[PDB]
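# Fold and geometry: a report
If you want the building blocks of each chain, they are given just below.
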Amino acid sequence: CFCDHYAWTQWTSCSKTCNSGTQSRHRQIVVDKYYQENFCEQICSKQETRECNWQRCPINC
Ligand SMILES: *[C@@H]1O[C@H](CO)[C@@H](O)[C@H](O)[C@@H]1O
Ligand SMILES: *[C@@H]1O[C@@H](C)[C@@H](O)[C@@H](O)[C@@H]1O
């Protein structure tokens, strides 16, 4: 199967704007012919999670 057939969504808003926040995206999947036929469920990665804004929040006096 071609996993790139079903496009990924956009990276969501960073949970924490600083101090190592997290964000995630996922493929856009609608149940149809190509999906069930080509076994796109088992051999494809449907999610990608990443840490965002790992720079420490500025410490002010
Ligand atoms: C994951 O989704 C992104 C969004 O368009 C593409 O760049 C990529 O080819 C993949 O299928
Ligand atoms: C989010 O964004 C960064 C740039 C800082 O201003 C932080 O104070 C805030 O939590």
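Each chain carries its own residue count, beginning from 1 and running in the order its sequence is written; this scheme need not agree with the entry numbering, and residues with no coordinates do not appear. Note on labels: chains are lettered from A, ligands numbered from 1, in written order. The full assembly is larger than what is shown, and all values describe the shown chains rather than the whole. Only heavy atoms go into the side-chain values, all of them from the structure, while hydrogens and water stay out.

### Section: the packing of aromatic side chains
By convention, a stacked pair of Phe, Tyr or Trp rings (six-membered ring in the case of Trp) has centres within 6.5 Å and planes under 30 degrees apart, an edge-to-face pair has planes over 60 apart, and any other such pair is tilted. Counting across every chain of the model gives one aromatic pair. Here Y6 and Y35 contribute two aromatic rings whose centre-to-centre distance is 5.8 Å and whose plane-to-plane angle is 80°, an arrangement assigned as edge-to-face. Residue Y6 is located in the segment before β1 (21-26), and its partner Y35 is located in helix α1 (residues 33-38); the two are separated by 29 residues in the primary sequence. The pair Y6 / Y35 is uniform in exposure class, with both members buried. In this structure, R25 is placed above the aromatic ring of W8, and the distance from its NZ or CZ to the ring centre is 4.8 Å. Lying over the aromatic face of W11, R50 brings its terminal NZ or CZ to 4.1 Å of the ring centre. Only DSSP runs of H or I covering at least 4 residues are called helices, and only runs of E covering at least 2 are called strands; the numbering of each starts at the N terminus. For each residue, the accessible area found with a 1.4 Å probe, counting protein chains only, is set against the maximum for its type, and the residue is called buried under 20%, exposed over 50%, and partly exposed in between. Counting as a charge over the ring demands two things of the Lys NZ or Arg CZ atom: a distance within 6 Å of the ring centre and an angle within 35 degrees of the ring normal.

### Considering the environment of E51
Here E51 lies in strand β2 (residues 47-52). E51 sits 44 residues away from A7 along the chain, and the two C-alpha atoms are 21 Å apart. Contacts were defined at the residue level, with two residues in contact if any of their heavy atoms lie within 4.5 Å. Filtering out sequence-adjacent residues up to four positions away, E51 remains in contact with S20, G21 and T22. The term polar contact refers here to a pair of N or O atoms within 3.5 Å; inside protein, the definition further demands a hydrogen-donor-capable atom paired with an acceptor-capable atom, and it admits residues adjacent in sequence only when both atoms are side-chain atoms. One polar contact links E51 to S20, side chain to side chain, over a distance of 2.8 Å.

### Side note on the nonpolar core
Generally speaking, a soluble globular protein has its nonpolar side chains buried in company with each other. Side-chain atoms within 4.5 Å are what join buried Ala, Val, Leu, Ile, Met, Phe, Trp, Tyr and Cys residues into a set we call a nonpolar core. If you look at the biggest cluster of nonpolar residues, it comprises five residues: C3, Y6, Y35, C40 and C44. In this structure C40 touches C1, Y6, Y34, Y35 and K46, once residues within four positions along its chain are discounted.

### Section: the UniProt feature "disulfide bond" in the protein
Note on terminology: pairs of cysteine sulfur atoms within 2.5 Å are recorded as disulfides. UniProt positions are given in the numbering used here, feature names are shortened, and annotations may be inferred rather than shown by experiment. The sulfur-sulfur separation between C1 and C40, a disulfide according to UniProt, is 2.0 Å, below the 2.5 Å limit, so the bridge is formed here. Of the two residues, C1 sits in the segment before β1 while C40 sits in the loop between α1 and β2, which places them 39 residues apart along the sequence. Judged by the 2.5 Å criterion, the disulfide between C14 and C52 that UniProt reports is present, the sulfurs being 2.0 Å apart. Placement of the pair is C14 in the segment before β1 and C52 in strand β2, with a sequence separation of 38 residues. Take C52: its relative accessible area is 6%, and that puts it in the buried class.

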